[PDB]
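Line by line, the protein sequences are chains B and A. Those letters in the first sequence? Residues 2 to 496, per PDB author numbering, in order. Those letters in the second sequence? Residues 2 to 501, per PDB author numbering, in order.
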Amino acid sequence: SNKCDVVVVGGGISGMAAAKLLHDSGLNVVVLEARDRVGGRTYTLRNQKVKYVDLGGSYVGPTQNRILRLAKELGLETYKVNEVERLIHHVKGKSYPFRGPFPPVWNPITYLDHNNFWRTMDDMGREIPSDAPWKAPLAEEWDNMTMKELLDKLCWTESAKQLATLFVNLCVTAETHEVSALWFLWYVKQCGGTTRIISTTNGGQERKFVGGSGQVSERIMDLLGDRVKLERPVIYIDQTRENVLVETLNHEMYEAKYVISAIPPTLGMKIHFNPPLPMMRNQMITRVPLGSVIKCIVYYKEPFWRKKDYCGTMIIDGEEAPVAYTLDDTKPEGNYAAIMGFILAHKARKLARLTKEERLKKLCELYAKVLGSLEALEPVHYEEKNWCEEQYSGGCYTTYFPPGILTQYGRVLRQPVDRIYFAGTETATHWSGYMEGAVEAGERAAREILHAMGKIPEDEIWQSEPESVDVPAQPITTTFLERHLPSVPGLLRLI
Amino acid sequence: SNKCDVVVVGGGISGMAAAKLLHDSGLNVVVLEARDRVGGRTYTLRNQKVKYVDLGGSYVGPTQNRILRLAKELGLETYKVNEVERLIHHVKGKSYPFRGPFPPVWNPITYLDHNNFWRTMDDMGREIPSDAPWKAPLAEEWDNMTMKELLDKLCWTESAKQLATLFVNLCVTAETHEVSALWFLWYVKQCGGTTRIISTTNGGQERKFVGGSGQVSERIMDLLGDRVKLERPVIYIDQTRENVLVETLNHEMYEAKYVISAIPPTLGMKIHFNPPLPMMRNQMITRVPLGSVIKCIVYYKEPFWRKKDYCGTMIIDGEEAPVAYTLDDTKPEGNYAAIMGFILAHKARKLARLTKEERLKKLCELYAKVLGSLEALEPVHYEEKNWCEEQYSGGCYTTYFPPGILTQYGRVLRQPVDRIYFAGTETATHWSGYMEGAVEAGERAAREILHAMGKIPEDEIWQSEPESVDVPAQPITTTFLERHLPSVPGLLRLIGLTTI
Ligand SMILES: *Cc1cc2c(cc1C)nc1c(=O)[nH]c(=O)nc-1n2C[C@H](O)[C@H](O)[C@H](O)COP(=O)(O)OP(=O)(O)OC[C@H]1O[C@@H](n2cnc3c(N)ncnc32)[C@H](O)[C@@H]1O
Ligand SMILES: *Cc1cc2c(cc1C)nc1c(=O)[nH]c(=O)nc-1n2C[C@H](O)[C@H](O)[C@H](O)COP(=O)(O)OP(=O)(O)OC[C@H]1O[C@@H](n2cnc3c(N)ncnc32)[C@H](O)[C@@H]1O
Ligand SMILES: c1ccc2c(c1)[IH]c1ccccc1-2
Ligand SMILES: c1ccc2c(c1)[IH]c1ccccc1-2
């Protein structure tokens, strides 16, 4: 058997971050990665036509200080997602160009409804502990409702409901009826709230890595060399003995003092445990699916939308549109002009049955309508990735919690099981579901093990992160009117 | 590599029924069973104190003809669960003895609400195809709501809502808020409806197997001999070559023309697939958890409840009661007096913290109050099984579908993946979640492979089952009043129109 201090299961960002921290501490780490590549839910494809493209996780932003610090240490640079020109909200078959993070509404009733919806999500969020959403004072009430129910309750307008729906679909690549209100509200609040999560400028979509996010995992793999074992899917973990035994599908045996599980919680199901997992984890890892998304990048000779003062961001309401949300994916040099769009939630399932060429045509025709340009009909290249297909991801971006699960099982997610500690973005308390959360969880799990080894004190397991100098956070602000305008039922009570 | 025609993954009733059918058709079958035993979610414990006790699936009933036929063929007999004396509905700290399948109410408004709740469950069920619940006209609308939301819409009394909630908890060992309304309405409909599923006499809980339901799998294992491989958890299935390769955790390799997956759908995750599963299945097997239950059996010197004219059936409403439902589990001979109780859904999680001795005390104190009997405080023995703990079950009784899942993923539950066919009770179209469904699905998967091999025509894949002559099904009947009494909103609509 191959003997080491710690086996890290999964060479995604979380696993790689944990392995790098343990390696840097002088421990012998081995990273066992199921795939023939590192990066997991990050994947950067290189070819002459795109140079490079992120087909998985890509965007980083302010307050994601851990992924920015790790990336900078590995010699990576960020550039800003193009948000110079106008965003588009495409509503009832018409493009409404706008500026700012939130699509505007003109109907005064609809305005109150929209304002109240975003405000209420953050108000509810403020009662949900980041590290313990199940401790929210109304945790049971909110966990026992879907986002669909909450939105049906809150939204007096079809307009607000459709945008809130799009927002849920885009945040968590799931339907409003699929997810716990408590979990969703937690999810938003632990990314710093509605503005932070939805924003390009000053939000989660501000930046991308020059040369692609896959370089974070690739360059930690560069550092660790042969400590990374590719095509080593872990099938079995045995903690009955002095040392933990980790077995891979190619029959290899790894012996460690401790294990970090840096895989999506539900992919814990692909590992056979001895002894059995405790009851609550045994059931938890069956209750926590990942969302559904196809990431699609259409390439053009030029970023022709910029000529019409569109930045390439499109928010596209309604069932018919295959893509509800797009960003400009042009390279910082202004070449390899491209529009990135997500086919979200049920549409990922619906449109997966088409050919690549058919999806390209649907995307091109949608983009020609929304951008109002025939140039959208003349793609020079197309790249796409359906994350629903991935045995070793389960989906993207992340794990959602259906109604009732977070309150009953949420405490389990990072509870050590003897000498197995849990990393993975799902176990983060901030930007859980992001590359940031991956780094937070990997490093926290690694330091749980350093604490178990008597190498660090309890108070050093959870470590704050200095703010990035390259990507500083600007405060999230609201207006007096946004804070105090009445809800639609608020305005009715008054009449 | 160990070569055969069909590898069956899982030695529950479904995989055993599949293996038996294929074996009986002249094929070379292997059953790869993860545990040191067969039976899966069925498990008959034997010791001197209890003689035998089903800690898992136990009850069979009218319309469950496939399990009755399979059991009978294996030499098993059934007996009737005790329903001679009064059932108890325990609501708000008081016991109300009654007779008949549904706890009665006297309050006329409450009467219309209860009547309408049960009627509406079945009315909605009649819209849902057993084999394609996603084809219900309102499939999307019903699949996008929880049972909590549907009860909130339907129940105009707290009384009906509390009984309805208990009904859901008891039926699918899940909270009303955890489960799809479409799926739950399908689930009840595919068991023959509210009366059939809830009833002891003339329903799902009418009978038990003499000696325990574990005998079904054990006796099929005896028939198959060494073809059943215990402690062979499957870890890897490879379909990239001419023959399917199935690898187990101990590194044994099996080579087959075809595979039957007879494991709960989500436990499909414990297998690494080459090539990868198609997208829809890849995601479906992460979206379908099993419910949560502790089955608890408290033993007494005598079935002392019978002397107070109580059959041992207690429907116990509300949060404090660890157990919401009990049946007399006394042996047919009248000895090893016992009360079987379920600790359901969240209470299974909540009370698993306690010691066995502490759960026993809580159950006795409950039974003492519900039965008005100090004798309930004098148990002689106790057995329990928390199914939440089982790596190779995931829970009990069965897989539930959270909102949105059944319409998006439902269609691939039993869709073959190249040379893998899917059995297990979850893939049944009648009494899915039950031993009956396990038999239906195992046999159907087996016949799919027989069809793929050109051994039978397509029209023999799905086979009807002759009605058991031993457990005849009384039809489910409604009275004129039951069909036409207005809902509470129907009564209110009538009152509106009279005053006009
Ligand atoms: C897919 C996706 C993700 C994504 C997103 C868009 C798409 C289409 N956009 C994002 C974004 O713009 N910014 C961001 O921060 N995140 C975005 N996401 C999410 C992001 O990619 C993930 O949160 C992050 O990559 C998660 O990292 P983590 O390290 O937690 O998880 P992982 O990448 O899934 O890595 C797990 C690795 O484990 C291997 N694996 C799985 N099972 C096994 C077994 N049994 N044995 C060994 N290895 C295993 C996986 O192969 C993977 O490499
Ligand atoms: C647990 C339970 C179930 C139950 C119930 C009460 C409880 C507490 N009450 C019931 C009742 O009164 N009447 C009834 O008809 N059903 C009742 N249920 C449900 C019933 O037990 C189940 O529907 C039924 O037994 C399911 O049979 P099925 O054959 O579909 O599935 P299974 O029993 O889970 O068997 C699966 C087998 O597969 C093995 N396994 C799992 N993973 C693997 C891998 N990777 N490799 C190989 N084998 C695997 C399991 O060990 C199991 O044996
Ligand atoms: C709200 C709004 C937009 C996004 C998100 C949440 I996760 C993300 C990743 C890439 C593009 C866009 C998003
Ligand atoms: C409704 C009512 C009662 C039951 C069921 C559904 I699954 C069954 C198995 C054992 C006891 C009770 C039940």
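The C-beta atom is built at its ideal place from N, Cα and C for all residues, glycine as well.
- Counting along the chain, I110 of chain B sits inside the alpha helix (DSSP H) bounded by residues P109 to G126.
- Boundaries of the beta strand (DSSP E) around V54 of chain B: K52 to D55.
- Relative to the non-hydrogen atoms of ligand 3, the Cβ of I199 of chain B comes within a distance shorter than 7 angstroms of at least one.
- Among the bridge pairs identified by DSSP, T430 of chain A is matched with none.
- Taking C-beta atoms under 8 angstroms as the contact rule, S218 of chain B and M17 of chain B qualify, at a distance of about 5 angstroms.
- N244 of chain A and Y259 of chain A have their alpha carbons spaced roughly 8 angstroms apart.
- For a cut-off of 8 angstroms, the C-beta gap from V180 of chain A to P403 of chain A is around 7 angstroms, short enough to register as a contact.
- For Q206 of chain A, the shortest separation between its Cβ and any heavy atom of ligand 4 lies below 7 angstroms.
- Only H347, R350 and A353 from the segment 344 to 371 of chain A bring a Cβ to less than 7 angstroms from some Cβ of chain B.
- Secondary structure of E384 of chain A (DSSP, three-state): strand.
- Residue B:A377 holds the alpha-carbon nearest to the alpha-carbon of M341 of chain B among B:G76, B:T177 and B:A377.
- In this structure, the C-beta of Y188 of chain B stays at least 7 angstroms away from each heavy atom of ligand 3.
- Across the set A:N203, A:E466 and A:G396, the C-alpha of A:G396 shows the shortest separation from the C-alpha of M280 of chain B.
- Judged by DSSP secondary structure, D37 of chain B falls outside any alpha helix (DSSP H); it is assigned neither H nor E.
- Pairwise C-beta distances place the segment 182 to 190 of chain B in contact with the segment 117 to 132 of chain B, as three or more of them are shorter than 8 angstroms.
- At least one heavy atom of ligand 2 lies closer than 7 angstroms to the C-beta of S394 of chain A.
- In the DSSP assignment, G438 of chain A falls within the alpha helix (DSSP H) that extends over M436 to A453.
- Put simply, the segment 404 to 414 of chain B does not touch the segment 296 to 316 of chain B. Fewer than three CB pairs are less than 8 angstroms apart.
- Against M315 of chain A, chain B offers no close residue; the least beta-carbon distance is about 25 angstroms (beta-carbon pairs closer than 9 angstroms).
- For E248 of chain A, the enclosing beta strand (DSSP E) covers residues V245 to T249.
- Residue A:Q216 holds the alpha-carbon nearest to the alpha-carbon of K73 of chain A among A:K136, A:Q216, A:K357 and A:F185.
- The nearest non-hydrogen atom of ligand 4 is 7 angstroms or more from the C-beta of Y80 of chain A.
- Here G226 of chain A is exposed: its Cβ has fewer than 16 other Cβ atoms, across all protein chains shown, within 10 Å.
- The C-beta of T79 of chain A has 16 or more other C-beta atoms within 10 Å across all chains shown, which makes the residue buried.
- When secondary structure is reduced to three states using DSSP, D144 of chain B falls in the helix class.
- For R87 of chain B, the uninterrupted beta strand (DSSP E) run begins and ends at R87 to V92, by DSSP.
- Excluding sequence positions up to five before and after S2 of chain A, its CB lies within less than 6 angstroms of the CB of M254 and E256, all in the same chain and listed in chain order.
- For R220 of chain A, the enclosing alpha helix (DSSP H) begins and ends at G215 to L225.
- Collapsing the DSSP output to three states places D310 of chain B in coil.
- Shown here for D132 of chain B: same chain residues with a beta carbon closer than 8 angstroms to its own, the five before and five after excluded, namely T430 in chain order.
- Under the three-state reduction of DSSP, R208 of chain A is assigned to strand.
- Annotation for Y326 of chain A indicates a beta carbon at 7 angstroms or more from all heavy atoms of ligand 2.
- Excluding the 5 residues flanking it on each side, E141 of chain B has same chain C-beta neighbours closer than 7 angstroms at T408, in chain order.
- Relative to the non-hydrogen atoms of ligand 1, the Cβ of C5 of chain B never comes closer than 7 angstroms to any of them.
- Inter-segment contact for the segment 89 to 96 of chain B and the segment 317 to 332 of chain B is present: three or more beta-carbon pairs are separated by less than 8 angstroms.
- For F168 of chain A, there is no enclosing beta strand (DSSP E); the residue is found in the alpha helix (DSSP H) stretching over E159 to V173.
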